[PDB]
Protein chains: 2
Amino acid sequence: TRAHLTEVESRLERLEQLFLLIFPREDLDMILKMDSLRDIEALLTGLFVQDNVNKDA
Amino acid sequence: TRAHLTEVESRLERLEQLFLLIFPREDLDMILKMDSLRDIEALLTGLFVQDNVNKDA
């Protein structure tokens, strides 16, 4: 019992804080832009959706 | 004595693969839903946007 964790833990953990393919650096739009196919902004840009829905039923 | 990395590395690294507040389990919509304020689906649901833009200029 004189090693493990602490350093290494802070290591892969530090890698966990750096992320890989989640947080590039800034801008919180590339996410929803890469996940959404604009089928909403499109379904509306062409079908002009108009109605109520609200949240939590 | 040999140690560090391997186990611990796979440890915090395993924690990195489990994520914390990024991947809940399965949705693919909760992300863009929590990032986007529906100001687009709204700006269109009320202002009915219609025009060309394309990608990459």
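Residues numbered from 1 in each chain as written, not as in the entry; some residues may be left out. Chains lettered and ligands numbered in written order. Heavy atoms only, no water.

### Observations concerning the relation of the copies chain A and chain B
- If you rotate chain A by 180° and push it 0.1 Å along the axis, it lands on chain B with an RMSD of 0.7 Å. Each copy turns onto its partner about a two-fold axis.
- A shared interface surface links the copies, since 88% of the contact residues of chain A are contact residues in chain B too. (Least-squares fit on C-alpha atoms. Contact = heavy atoms within 4.5 Å.)

### With respect to the interface of chain A and chain B
- The partner chain B presents 24 residues to the 26 residues of chain A that form the contact.
- For the pair chain A and chain B, the summed buried surface comes to about 2,300 Å²; carbon and sulfur atoms form 72% of the total.
- Counting across the chain A and chain B interface gives zero salt bridges.
- In this structure, the connection of chain A to chain B is made through zero residue pairs in polar contact.
- The biggest single contributor to the side of chain A that touches chain B is helix 1 (residues 6-18) of chain A, with seven residues.
- Here the side of chain A that touches chain B is built from residues that sort into 14 nonpolar, five polar and seven charged. (Buried area = accessible area lost by both parts, 1.4 Å probe. Salt bridge = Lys/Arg side-chain N within 4 Å of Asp/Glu carboxyl O. Polar contact = N/O pair within 3.5 Å; in protein donor to acceptor, adjacent residues only side chain to side chain. Helix = DSSP H or I, 4+ residues; strand = E, 2+ residues; numbered from the N terminus. Nonpolar A, V, L, I, M, F, W, Y, C, P; charged D, E, K, R; others polar.)

### Quick notes on the pattern of salt bridges
Residues and elements named next belong to chain A.
- Counted by the stated rule, this structure contains two salt bridges over all chains.
- Taking the shortest distance from any N to any O, the salt bridge between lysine 33 and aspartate 29 comes out at 3.1 Å.
- Here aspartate 29 falls in the partly exposed class, since its relative accessible area comes to 33%. (Buried < 20%, exposed > 50% of the residue type's maximum accessible area, 1.4 Å probe, protein only.)

### A few points about the packing of helix 1 of chain A against helix 1 (residues 6-18) of chain B
- For the pair helix 1 of chain A and helix 1 of chain B, the least separation of the axes is 8 Å and the interaxial angle reads 30°. On the basis of the axis angle, helix 1 of chain A is roughly parallel to helix 1 of chain B. For the crossing formed where helix 1 of chain A meets helix 1 of chain B, the hand is right-handed. Between helix 1 of chain A and helix 1 of chain B, the residues in contact are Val8(A), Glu9(A), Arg11(A), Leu12(A), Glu13(A), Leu15(A) and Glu16(A) and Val8(B), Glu9(B), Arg11(B), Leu12(B), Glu13(B), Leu15(B) and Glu16(B), respectively.
- Residues that form the contact of helix 1 of chain A with helix 1 of chain B fall into these classes: six nonpolar, no polar and eight charged. (Axes fitted to C-alpha atoms, helices over the stretch in contact; angles between N-to-C directions. Parallel < 35°, antiparallel > 145°, perpendicular 65-115°, else oblique. Left-handed = near helix turned anticlockwise from the far one by under 90°.)

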